[PDB]
Structure formats: C-alpha cells, structure tokens
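Undergrad: First, the structure itself, so that you have it in front of you.
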Amino acid sequence: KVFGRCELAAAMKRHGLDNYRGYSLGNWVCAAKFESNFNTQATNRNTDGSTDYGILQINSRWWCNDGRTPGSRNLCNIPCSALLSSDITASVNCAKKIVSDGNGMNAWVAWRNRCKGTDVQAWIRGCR
Ligand SMILES: CC(=O)N[C@H]1[C@H](O[C@H]2[C@H](O)[C@@H](O)CN[C@@H]2CO)O[C@H](CO)[C@@H](O[C@@H]2O[C@H](CO)[C@@H](O[C@@H]3O[C@H](CO)[C@@H](O)[C@H](O)[C@H]3NC(C)=O)[C@H](O)[C@H]2NC(C)=O)[C@@H]1O
C-alpha cells in the first residue's frame, strides 16, 4: 500500500504517534516519507547483512526477525514480514519501542538527515 500523505498522518495520529515521546506528527510523516516513500512494502538491505522493513524501515539487526540477519535481537518480537502489512499497527507498536530506547528519532537515519531541525509541520499541511 502506498499511503497518501494525509492518509498516513491520520493513521499515525489514530495510533497515538502525534507527540509520542515528544515527537510531533509531522516528524513521523517526514520520517516515513524519506524512509519508505509511504510504501508499506518497502525493503532495503544494508552492509551489515540486515534489512529494513516497511513504512518506517525497521531494521532486522535490532527489532524484527527475518531469519537471515546475524546478531539479530528481535526486540519487537515480530517477524519482519509483519512490518510490511497494509495496516500500520505492527510498525507503529514497534516504532514506539524504538523511539523509547534512548536515542529518540535519531534511530531513523533518514529522519536525522532530512527531517530533524526542519519545518516538519509542513508534512501535515492541509490534513484534517
Ligand atoms: C528504525 C530502525 O530500525 N533504526 C535502526 C537503524 O536503521 C537504519 C539503517 O541503519 C540504514 O542503513 C537505513 N535505514 C534504517 C532506518 O533508518 O540502524 C541503526 C544501526 O544499526 C540502529 O541504531 C542502533 O539502535 C540501537 C538500538 O536502539 C542502539 O543501541 C542503543 O543505544 C542507546 C544509546 O547508546 C542505549 O542507551 C541503548 O541501551 C541501546 N539499545 C540496545 C538494545 O543496545 C544503537 O546505538 C544504534 N546504533 C547506531 C549506530 O546508531 C537503529 O535502531
């Protein structure tokens, strides 16, 4: 599923991400834009042998099990493929754990490089 921008904003809001750990909704929408282009099916492999999964590009070294990542920790206790669903519930539940683990949204590299410190509220412009 490729979410619309306001469509994703509404879903993230309904799941309680707006201001979760102090990160406004625009931060989360911006992160998803640059991590996955709003595509729930997005996957990308990394040099360490891990892969990123889904709308928020959750990493298989730390958070989910994909059966092929050395040193995996599976801290969200979930198969990585469940993070590719059209329903964002599992990704949101796991993201809440990730952002609570110490480093806040710095866990998301694209957020750090492209959203952090920018006018993120623009990502929710026009949304109801
Ligand atoms: C969303 C996500 O899964 N982010 C992880 C990120 O994934 C990137 C990928 O690296 C890129 O190539 C492409 N995109 C994705 C998404 O942007 O990958 C990072 C590197 O593996 C992960 O960062 C590590 O996260 C762990 C766990 O949170 C960090 O360990 C924690 O560190 C804090 C502070 O030092 C400490 O208090 C915690 O106790 C500790 N947790 C654990 C379980 O040990 C670790 O520092 C990060 N490493 C780096 C280099 O940032 C990121 O989660």
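By convention in this document, the chains of the structure tokens carry letters A, B, ... by their order, each chain's residues are numbered from 1, and ligands are numbered from 1 in the order they are shown.
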Which protein, DNA or RNA residues have an atom within 6 Å of ligand 1, counting only C-alpha atoms and all ligand atoms, as a list in words?
TA: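 Sorted by chain and then by number, the residues are residues 46, 52, 57, 58, 59, 98, 101, 102, 103, 107, 108, 109 and 110 of chain A.
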Undergrad: Suppose we keep N, CA, C and O atoms; can you now write the selection as a JSON list (two decimals), in the first residue's frame?
TA:
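File produced: result03.json:
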[["chain", "number", "residue", "atom", "x", "y", "z"],
["A", 46, "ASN", "N", 21.17, -3.70, 3.95],
["A", 46, "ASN", "CA", 22.29, -2.93, 4.48],
["A", 46, "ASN", "C", 23.60, -3.71, 4.49],
["A", 46, "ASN", "O", 23.59, -4.94, 4.45],
["A", 52, "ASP", "N", 15.97, -3.41, 6.19],
["A", 52, "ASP", "CA", 14.93, -2.52, 6.69],
["A", 52, "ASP", "C", 13.59, -2.93, 6.12],
["A", 52, "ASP", "O", 13.50, -3.25, 4.92],
["A", 57, "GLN", "N", 10.78, 1.50, 7.89],
["A", 57, "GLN", "CA", 12.11, 0.94, 7.64],
["A", 57, "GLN", "C", 12.79, 0.42, 8.91],
["A", 57, "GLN", "O", 13.91, 0.79, 9.26],
["A", 58, "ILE", "N", 12.07, -0.46, 9.58],
["A", 58, "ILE", "CA", 12.51, -1.06, 10.82],
["A", 58, "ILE", "C", 13.56, -2.14, 10.55],
["A", 58, "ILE", "O", 13.37, -3.01, 9.69],
["A", 59, "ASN", "N", 14.66, -2.07, 11.30],
["A", 59, "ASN", "CA", 15.87, -2.81, 11.00],
["A", 59, "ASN", "C", 15.94, -4.19, 11.65],
["A", 59, "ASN", "O", 15.70, -4.35, 12.86],
["A", 98, "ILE", "N", 11.16, 1.56, 19.59],
["A", 98, "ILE", "CA", 12.41, 2.07, 19.03],
["A", 98, "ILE", "C", 12.70, 3.47, 19.55],
["A", 98, "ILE", "O", 13.80, 3.76, 20.04],
["A", 101, "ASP", "N", 13.97, 3.87, 23.14],
["A", 101, "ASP", "CA", 15.14, 3.08, 23.53],
["A", 101, "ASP", "C", 16.37, 3.91, 23.94],
["A", 101, "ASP", "O", 17.38, 3.33, 24.34],
["A", 102, "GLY", "N", 16.29, 5.24, 23.85],
["A", 102, "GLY", "CA", 17.38, 6.11, 24.30],
["A", 102, "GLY", "C", 17.73, 7.27, 23.39],
["A", 102, "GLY", "O", 17.99, 8.39, 23.86],
["A", 103, "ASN", "N", 17.72, 7.01, 22.08],
["A", 103, "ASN", "CA", 18.20, 7.96, 21.07],
["A", 103, "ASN", "C", 17.07, 8.70, 20.37],
["A", 103, "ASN", "O", 17.29, 9.43, 19.40],
["A", 107, "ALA", "N", 17.22, 7.15, 15.73],
["A", 107, "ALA", "CA", 17.23, 5.78, 15.22],
["A", 107, "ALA", "C", 16.94, 5.72, 13.72],
["A", 107, "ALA", "O", 17.39, 4.80, 13.03],
["A", 108, "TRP", "N", 16.16, 6.68, 13.23],
["A", 108, "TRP", "CA", 15.82, 6.74, 11.81],
["A", 108, "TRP", "C", 16.81, 7.65, 11.10],
["A", 108, "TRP", "O", 16.77, 8.87, 11.25],
["A", 109, "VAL", "N", 17.71, 7.04, 10.34],
["A", 109, "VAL", "CA", 18.77, 7.77, 9.68],
["A", 109, "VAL", "C", 18.21, 8.84, 8.74],
["A", 109, "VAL", "O", 18.71, 9.97, 8.71],
["A", 110, "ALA", "N", 17.18, 8.51, 7.97],
["A", 110, "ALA", "CA", 16.61, 9.49, 7.06],
["A", 110, "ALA", "C", 15.96, 10.63, 7.83],
["A", 110, "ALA", "O", 15.98, 11.78, 7.37]]
Undergrad: At a cut-off of 9 Å, can you tabulate as JSON lines every residue of stretch 13-50 of chain A near stretch 121-128 of chain A together with its closest atom pair and the distance in Å to one decimal, using only C-alpha atoms and ordering rows by chain then number?
TA:
{"residue": "A:24", "atom": "CA", "partner": "A:121", "partner_atom": "CA", "distance": 7.9}
{"residue": "A:25", "atom": "CA", "partner": "A:124", "partner_atom": "CA", "distance": 7.4}
{"residue": "A:26", "atom": "CA", "partner": "A:121", "partner_atom": "CA", "distance": 4.8}
{"residue": "A:27", "atom": "CA", "partner": "A:121", "partner_atom": "CA", "distance": 7.5}
{"residue": "A:29", "atom": "CA", "partner": "A:123", "partner_atom": "CA", "distance": 6.3}
{"residue": "A:30", "atom": "CA", "partner": "A:123", "partner_atom": "CA", "distance": 6.2}
Undergrad: Run DSSP on the backbone of this structure and report the residues of chain A it assigns to strand (DSSP E), as a PyMOL selection string.
TA: chain A and resi 43-45+51-53+58-59
Undergrad: Ranking A:113, A:40, A:106, A:19 by minimum distance to residue A:81 and counting only C-alpha atoms, which one comes first?
TA: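 Of A:113, A:40, A:106, A:19, the one nearest residue A:81, counting only C-alpha atoms, is A:40.
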Undergrad: Could you list, as a list in words, every residue within 7 Å of residue A:61, counting only C-alpha atoms and ignoring same-chain residues fewer than 5 positions away?
TA: residues 50, 69, 71, 72 and 73 of chain A
Undergrad: Closest to residue A:54 among A:34, A:85, A:118, A:75, using only C-alpha atoms?
TA: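 Comparing A:34, A:85, A:118, A:75 against residue A:54, the winner is A:85.
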Undergrad: Have a look at A:68, A:20, A:11, A:6 and name the one nearest to residue A:96; count only C-alpha atoms.
TA: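 The closest residue to residue A:96 is A:20.
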Undergrad: Of the candidates A:105, A:2, A:88, A:99, which shows the shortest atom-to-atom distance to residue A:15, using only C-alpha atoms?
TA: A:88
Undergrad: Using DSSP on the backbone, list every residue of stretch 6-111 of chain A that comes out as helix (DSSP H, G or I), and give them as a ChimeraX atom specification.
TA: /A:6-14,25-36,80-84,89-99,104-107,109-111
Undergrad: So how many Å separate atom CA of residue A:5 and atom CA of residue A:77, to one decimal?
TA: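 Calculated distance between atom CA of residue A:5 and atom CA of residue A:77 is 28.4 Å.
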Undergrad: Quote the spacing between atom CA of residue A:100 and atom CA of residue A:82 in Å to one decimal place.
TA: 20.7 Å
